[PDB]
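For reference, the structure is listed below as structure tokens.
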Amino acid sequence: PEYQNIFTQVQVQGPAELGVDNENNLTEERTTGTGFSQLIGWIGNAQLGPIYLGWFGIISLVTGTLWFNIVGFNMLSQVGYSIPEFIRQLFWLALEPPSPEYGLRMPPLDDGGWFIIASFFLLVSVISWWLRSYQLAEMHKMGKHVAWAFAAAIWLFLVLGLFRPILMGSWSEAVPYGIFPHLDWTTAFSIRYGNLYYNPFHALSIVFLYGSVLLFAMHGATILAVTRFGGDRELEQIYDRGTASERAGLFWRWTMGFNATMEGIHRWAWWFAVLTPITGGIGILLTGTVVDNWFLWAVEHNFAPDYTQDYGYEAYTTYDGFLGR
Amino acid sequence: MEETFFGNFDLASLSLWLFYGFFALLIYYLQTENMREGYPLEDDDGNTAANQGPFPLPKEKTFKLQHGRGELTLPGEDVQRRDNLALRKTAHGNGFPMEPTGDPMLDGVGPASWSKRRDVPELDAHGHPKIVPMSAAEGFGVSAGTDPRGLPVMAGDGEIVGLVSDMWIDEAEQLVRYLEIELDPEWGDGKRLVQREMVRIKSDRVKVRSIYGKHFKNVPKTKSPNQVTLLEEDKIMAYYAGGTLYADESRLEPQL
Amino acid sequence: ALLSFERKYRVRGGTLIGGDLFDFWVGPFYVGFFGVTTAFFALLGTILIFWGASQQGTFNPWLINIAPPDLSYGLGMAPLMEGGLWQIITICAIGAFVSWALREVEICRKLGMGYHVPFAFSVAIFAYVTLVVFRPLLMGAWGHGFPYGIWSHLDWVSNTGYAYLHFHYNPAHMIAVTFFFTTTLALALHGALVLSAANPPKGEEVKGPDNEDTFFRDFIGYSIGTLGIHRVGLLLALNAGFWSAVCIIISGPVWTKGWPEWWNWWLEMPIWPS
Amino acid sequence: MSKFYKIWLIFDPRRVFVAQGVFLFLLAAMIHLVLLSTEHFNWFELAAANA
Amino acid sequence: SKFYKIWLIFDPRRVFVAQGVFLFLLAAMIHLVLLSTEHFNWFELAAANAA
Amino acid sequence: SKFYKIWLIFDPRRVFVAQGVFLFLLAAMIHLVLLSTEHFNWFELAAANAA
Amino acid sequence: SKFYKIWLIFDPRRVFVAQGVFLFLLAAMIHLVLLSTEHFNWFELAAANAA
Amino acid sequence: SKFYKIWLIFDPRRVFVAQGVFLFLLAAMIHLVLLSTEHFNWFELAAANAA
Amino acid sequence: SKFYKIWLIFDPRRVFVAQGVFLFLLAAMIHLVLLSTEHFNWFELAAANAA
Amino acid sequence: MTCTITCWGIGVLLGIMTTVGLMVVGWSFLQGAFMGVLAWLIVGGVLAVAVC
Amino acid sequence: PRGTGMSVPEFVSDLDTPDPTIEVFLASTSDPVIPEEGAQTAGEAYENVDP
Amino acid sequence: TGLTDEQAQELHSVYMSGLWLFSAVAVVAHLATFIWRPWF
Amino acid sequence: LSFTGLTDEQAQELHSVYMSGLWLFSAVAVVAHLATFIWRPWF
Amino acid sequence: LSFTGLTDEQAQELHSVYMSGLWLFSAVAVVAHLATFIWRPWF
Ligand code: BCL
Ligand code: BCL
Ligand SMILES: CC[C@H]1c2cc3[nH]c4c(c3C)C(=O)[C@H](C(=O)OC)c4c3nc(cc4[nH]c(cc(n2)[C@@H]1C)c(C(C)=O)c4C)[C@@H](C)[C@@H]3CCC(=O)OC/C=C(\C)CCC[C@H](C)CCC[C@H](C)CCCC(C)C
Ligand SMILES: CC[C@H]1c2cc3[nH]c4c(c3C)C(=O)[C@H](C(=O)OC)c4c3nc(cc4[nH]c(cc(n2)[C@@H]1C)c(C(C)=O)c4C)[C@@H](C)[C@@H]3CCC(=O)OC/C=C(\C)CCC[C@H](C)CCC[C@H](C)CCCC(C)C
Ligand SMILES: COC(C)(C)C(=O)/C=C/C(C)=C/C=C/C(C)=C/C=C/C(C)=C/C=C/C=C(C)/C=C/C=C(\C)CC/C=C(/C)CCC=C(C)C
Ligand SMILES: COC(C)(C)C(=O)/C=C/C(C)=C/C=C/C(C)=C/C=C/C(C)=C/C=C/C=C(C)/C=C/C=C(\C)CC/C=C(\C)CCC=C(C)C
Ligand SMILES: COC(C)(C)C(=O)/C=C/C(C)=C/C=C/C(C)=C/C=C/C(C)=C/C=C/C=C(C)/C=C/C=C(\C)CC/C=C(\C)CCC=C(C)C
Ligand SMILES: COC(C)(C)C(=O)/C=C/C(C)=C/C=C/C(C)=C/C=C/C(C)=C/C=C/C=C(C)/C=C/C=C(\C)CC/C=C(\C)CCC=C(C)C
Ligand SMILES: COC(C)(C)C(=O)/C=C/C(C)=C/C=C/C(C)=C/C=C/C(C)=C\C=C\C=C(C)\C=C\C=C(\C)CC/C=C(\C)CCC=C(C)C
Ligand SMILES: COC(C)(C)C(=O)\C=C/C(C)=C/C=C/C(C)=C/C=C/C(C)=C/C=C\C=C(C)\C=C\C=C(\C)CC/C=C(/C)CCC=C(C)C
Ligand SMILES: [Fe+3]
């Protein structure tokens, strides 16, 4: 069949691209160490180029390791320094938040005290990385959309572990640092406060989460469909619209009655992704601090469905009938 | 706070309606930002359409193009408009397909239609043209996959229309863009470019299925063999895609 | 109406079936043979929903609920108001979705572009198909499909999730969820790069592909490129749709116990000391 | 032993000093954390237990 | 014997950092293995001896 | 005998790195399977003795 | 007899690596198979033999 | 006796690699099938014979 | 029966590989269904004959 | 390529062989599959790099 | 209710397999013996019988 | 890119020779199986 | 005649070695099967 | 002849050193295994 531009069928490698520069002198803090991976080059660019290491980057990397190490050292000490048991229970162990009896006060180190310290380094690490994104955009003389989009993700990150626990008056409302435990927290959070499905902002966040994957499947497929017209070079299609932007627009205009531009697609792309944690952060912030039960909130506001059929299994079958005896 | 402002309208309900107002404003903002190109609507006859849509045109935004290419305000007269199109209306009304008046691939209409872009090469950060042949590119070479240079080129009908003499690369992104085809004298005269996205590279040959053997002699050429302008780029790429419908009557006619 | 550049693209041909009998445009929409069937199936399905809503007693969009039949009916047809209307709407919905995907094939064939979008939509159709017919077929009853309600179909997700005692422990759910949170990650950053490059601070020149290529090189040490992000981007979202289809088709037809119990293979491996 | 000064020919003093400093602090913090996790060498708990 | 030729093949800079991380990780791992055993946990034994 | 020609095929630096990684991993694996068995676990045997 | 011509087809560097990987994995797999059995597990026999 | 022309069609490098992979996989598969059966399982037979 | 005219329209590389795979898959399938039956399973039958 | 894919194909075949091999000697399908997945990634990855 | 998703999936093979201890109880239970008027009790027939 | 008349003449002869050789063993195997354990 | 570049005489020489290798592999397989049949027959 | 661009004389020099290291590594292993067998025999 026709070549679907999914994997590049021939790779060319030249001198490593060290990056652009201006009076801000980016090259001072760049590593100047490049490597080329032909495996990742099949789907994307093959150069593992140099990384700009500043002070926001180093502080974020160092403090993030401290949070990673403090969590890891606790988890290792939780199983009595048994490496085989630490690996076996790696997905089950965590650094549990403080007990609710301590409120917002500093708890003992074994009862969430190390959680606050590890959370303190994680908070510094995440904010420092955001500052790096803001500083890099300013030093690259581009817009701060990367930093602004990151701040939306941090908004849910801050609400989950910093803002809501403060508003709820207890550090116990934070999310445990575990693979399965933050899944258990996710399930327990929904159960504790009614049914988080009936949270309108959780529903709203799902709309933009579904829309984000829906759009970025649509945008990815549309660009790859028009990549035969140089559609992957979107920036040149913004300053000088080619047939790639015209056919991409006309495909969606003829399909659903309206379309976007090569630049306006990313505004839809940016805002749907950004609205996913923004609505989620609001929904989590309103959970417990305001509502404490969402299904009853749905019943009160008359959007919880009502069922007339019976509930027991005896109303539909028999135990012997199900067993086939 | 667990108190309702009125009836059952609490802080959670207030935030929901605040987002409804913001989203309605955002939808209006997003849709107008999508209308910087292509509007006013116009109709089949070319006159401005009576209907223009619920959303008004946005205020002009200005792009400061690099490499001394001037400014750019998207809401306005479109320099990419094509004139003297070789089409005729199949109906006196609106909403009906146009019938090409000649060779659709030669005239550049439909799937073969291009856009009147700038007649200058795309430039990278340094300033020199972005897409250059590997012969001109310094330090570049094949690192993975099959090298298409020297392999014969097979058309959509199985004809061998020449062999790949060189391939053009985007040295800024280290990506292959085109393949030069040294057209055989029985089929063509000189060198033609084919985009990498419409050619499938096999072990012993490169196959392009959109264009038959007899259509390579009419592929648009480049003014210079060292660079390709955005206009030549748009004409070359559109020609191959136009062959997906215009190579033979079977492709244009319904498959069932 | 048209666009400022639409006229040169509205050419005859590119249909899969029906030729020029349906080959015309109604407004901006393209009407094909599958645009005719889309109109029939979508309108019939939508009307039957409101017909079922009328007899249900409420027209509230939140409270509208067209539920599948009982599990006792098996794979056979049920009375139209005992779950049979859901079966017809499902047939109309499947016919509308397939026609919509096939209509997109005609549109992108007429524009001489790739068929990536109809293929990507087919994954979304497959995710719906595996939810409404494939999984009910494997489980032996049409009552296992989700109901057609804005909030009623959330109760089905909640009950089906807790039908395996903790649905987060589903290994395919973990893979599928990881793709959603990353697809939105890729969408946020990819949309940010193009916007940041095309909209620099006021009074400064716009940037080219190199500036965004070197930004995440300076940011995260690697940039996948302008073309690569759309290639990985389609794959990330398609895998999100595919693995979501997998996580629900193995919940009940392939796995009946709790999903935490699935991870017992890892816990009691012979290598782990007692 | 007396000729160990040649290690600075192999190693860049700038990056090794940074690596040594980060490792030395992480070692010091880790060992203190290990001591705090024990029931006998938690000097904070012993102070409370002694009063 | 005459094992000095290993540095003709191995880069001294790359091996020295490679063995530096390996030695500490091995030393840390073996120390942790001792801490996982009741008999060889010197921290828990001090508590028992003091009592 | 004549096995010295293996280095005309194998890159000495590419094999020595592979041999070093393989030998340690092989040594670690056998030490691990010994600890898995109750008879050859010298840490548990020491615990059993003098107790 | 004249099997030496297999090297005209197989690259000696390619086959040697593949053979080396195959032989160790085959040896490791067979060793692990014997440990799985309750009769040829020499580790468990020594525990039983020592009473 | 005219079967030698099969090599004019198939590249010896491709078929030999495929044959070697297939032959071992087939041999391993048959060996595993016997080990599944209770009769042709020489590992369990030795245990039964010794007892 | 000559029937050599069919080979003119066929690529020998493609048909031979497809037929070779098809024959083995067919042979394996018939061998698998025979083992599924309790009468023609020669592995289970051999156990019954011995006992 | 023509060699990395073959090495990848060799690894997945060995992963299936190790999957059924563990089931025969006991274990479980899921436990055996993980080692087969591990064998496919490790042996396939090592071969894809060691031999090219 | 239909459409709510409230259902319990179970394999028919699992459904067709009853509790393995059901027949064990059936093989150990027995019908009660109806006592007659003034029948002998276990307290007087045997010794050290709890009340 | 296609076969000549002469090329397919020898190819078919070899293929038939392989056909008879493969079938001859199969016929012998089926007869041996039928004697050992008939299915009719 | 050829598809992979080998000449007619080259394939004849290659086939002779391949058959000799095939017979050697089949010879030990026959011996291996014969020994197994004596140890534990399946007929 | 030499896929690594390494001379025959160099290869013999490299192997002689490598074998000397191999025997030294094996000599320690023999002593190590002898000590383990005395402490806890596995036969
Ligand atoms: C039983 C389970 C409950 C449930 C309980 C919750 C809870 C609890 C929450 C959600 C939330 C979310 N739910 Mg819900 N949810 C359920 C059912 C669903 C279903 C479904 C089909 O059934 C879906 C699709 C969703 C979907 C979603 C998303 C819309 C939303 C998360 C937003 C976001 O992007 O997060 C992504 C954001 C983050 C991951 C945090 C930001 C991370 C920071 C910025 C990154 C730091 C990185 C860190 C330093 C590590 C770096 C390491 C690197 C290697 C270096 N839920 C049911 C009802 N749901 C969230 C919400 O409410 O949003 C309003 C939330 O808190
Ligand atoms: C108790 C609840 C359990 C749970 C139980 C379930 C169940 C049950 C399911 C999921 C499924 C999903 N869950 Mg879960 N899941 C939970 C927690 C979560 C969380 C979280 C943060 O906590 C997240 C992110 C997710 C995420 C997800 C995704 C893996 C998936 C969502 C559906 C899908 O992909 O789309 C796929 C759906 C489609 C693509 C729709 C197709 C659309 C059609 C083709 C077009 C529609 C057109 C229509 C007519 C509109 C047109 C009208 C207008 C004209 C426009 N789950 C909790 C623990 N989860 C669902 C799934 O996988 O489905 C496959 C599933 O069934
Ligand atoms: C790769 C997977 C992702 C994906 C991709 C995807 N979806 C797509 C496409 C692509 C690539 C399109 O090209 C196509 C499109 O044009 O979108 C604008 C589309 C599309 N997917 C859509 C939405 C959508 N995508 C979703 C998700 C996803 N789709 C995934 C995240 C969801 C979810 C998660 O639920 C929804 C709701 C539509 C906007 C569009 C399909 C339009 C269509 O089918 O039109 C024909 C039909 C009608 C106009 C109405 C039919 C009505 C029926 C007859 C009756 C009702 C049936 C239905 C079951 C109702 C149930 C209601 C309750 C559940 C509330
Ligand atoms: C809401 C929409 C999506 C989103 C958006 C989003 N996330 C973002 C951004 C955006 C727009 C960024 O710009 C930013 C970024 O830089 O992305 C590349 C980011 C980001 N969000 C991330 C991930 C992420 N996104 C998530 C989700 C999402 N965020 C959605 C998919 C989630 C989930 C599901 O919660 C996560 C976990 C990060 C990759 C990145 C920024 C995080 C970051 O770098 O924080 C600083 C921390 C470190 C540098 C170190 C962390 C810890 C290390 C693992 C420790 C070191 C280990 C190592 C072994 C060393 C050991 C040493 C010792 C042995 C001594
Ligand atoms: C009454 O009491 C009685 C009964 C008496 C009693 O007490 C009984 C006690 C008894 C019997 C003692 C039983 C214990 C025994 C026996 C102890 C085992 C002893 C052991 C295990 C020996 C360790 C030495 C191993 C080394 C130290 C290797 C060093 C390895 C080197 C470092 C090589 C690696 C380095 C390289 C460079 C190679 C890599 C090459 C390239 C990379 C090219
Ligand atoms: C439970 O399921 C049950 C019920 C069982 C079931 O499904 C029933 C099964 C059913 C219905 C399937 C029916 C099977 C059928 C119909 C299969 C026919 C079988 C055939 C056709 C056998 C081909 C043999 C080909 C060889 C072995 C050639 C050998 C020749 C080779 C290839 C050498 C040729 C090469 C050269 C000469 C050199 C090249 C020459 C030149 C270059 C010149
Ligand atoms: C579950 O069900 C059960 C019942 C279990 C089941 O499946 C039953 C099993 C089933 C149905 C499998 C059917 C078996 C088949 C089909 C057997 C294929 C096996 C074959 C055909 C054996 C080839 C041997 C080839 C060698 C070993 C050559 C050696 C080559 C040597 C090494 C020489 C190489 C060197 C050269 C050539 C030199 C090059 C020359 C020049 C350069 C001049
Ligand atoms: C129950 O069973 C379980 C556990 C399941 C199981 O898997 C069983 C384990 C199984 C089956 C593994 C099978 C083990 C095998 C096969 C052992 C391989 C081990 C080998 C081969 C030993 C190499 C030693 C080489 C050295 C250490 C050389 C030293 C090199 C020296 C240092 C020289 C270096 C060079 C120079 C100094 C300069 C040279 C250069 C110039 C002269 C220029
Ligand atoms: C006293 O009591 C006694 C009597 C003992 C008793 O109990 C009764 C027992 C009795 C009677 C035994 C019954 C015998 C049985 C059940 C044996 C079945 C076995 C049979 C029938 C034959 C197998 C032979 C298989 C080969 C050896 C095939 C050779 C095929 C090879 C592998 C070539 C295939 C490959 C190609 C042609 C390559 C083509 C290439 C391309 C297409 C590219
Ligand atoms: C090999 O190396 C060694 C080292 C041995 C090792 O083990 C390596 C480490 C290993 C394996 C640990 C693996 C870590 C794992 C699995 C952790 C997963 C983590 C997960 C799922 C995160 C959940 C989400 C949590 C939120 C949402 C937080 C948000 C809270 C933020 C931070 C807000 C700030 C909070 C505060 C309280 C502020 C405190 C400040 C002051 C009070 C000033
Ligand atoms: Fe894009």
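In what follows, every heavy atom counts, from backbone to side chain, and hydrogens, waters and symmetry copies are set aside. Numbers restart at 1 for each chain; the letters A, B, ... are given by sequence-line order, proteins then strands. In listed order, ligands and their atoms are each counted from 1.
The backbone of A:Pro176, and not its side chain, has at least one atom closer than 4.0 Å to an atom of ligand 10 (non-hydrogen atoms only; backbone = N, CA, C, O). Contact annotation: for F:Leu26 versus ligand 8, heavy atoms closer than 4.0 Å belong to the side chain alone. With a heavy-atom cut-off of 4.0 Å, A:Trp171 touches ligand 10 through its side chain alone.
Nearest protein neighbour of atom 43 (C) of ligand 10, counting heavy atoms only, is A:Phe120 CD1, 3.6 Å. A:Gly72 CA, 3.6 Å is the protein heavy atom nearest to atom 6 (C) of ligand 10.
For the side-chain contact (heavy atoms from CB on, under 4.5 Å) test, residues two or more places apart in sequence or in another chain that qualify with C:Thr184 are A:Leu209, A:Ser212, A:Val213, A:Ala273, A:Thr276. The side-chain contact (heavy atoms from CB on, under 4.5 Å) check on A:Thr279 picks up A:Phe201, A:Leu204, A:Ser205, A:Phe208, B:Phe19, with sequence neighbours excluded. Scanning for salt bridge (charged side-chain N to carboxylate O under 4.0 Å, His left out) contacts around A:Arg132 gives an empty result, with sequence neighbours left out.
Using a 4.0 Å threshold on non-hydrogen atoms, atom 16 (C) of ligand 8 does not count as touching the protein. Within the 4.0 Å cut-off (strictly below), a protein heavy atom is located near atom 1 (C) of ligand 8.
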Could you give the N/O to N/O pairs under 3.5 Å linking ligand 4 and the protein, each with its distance?
residue: ligand 4; atom: 16 (O); partner: A:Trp129; partner atom: NE1; Å: 2.9

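Using a non-hydrogen distance threshold of 4.0 Å, N:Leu22 registers as a contact of ligand 8.
Between E:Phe10, F:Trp7, F:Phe22, it is F:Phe22 that holds the heavy atom closest to atom 18 (C) of ligand 8.
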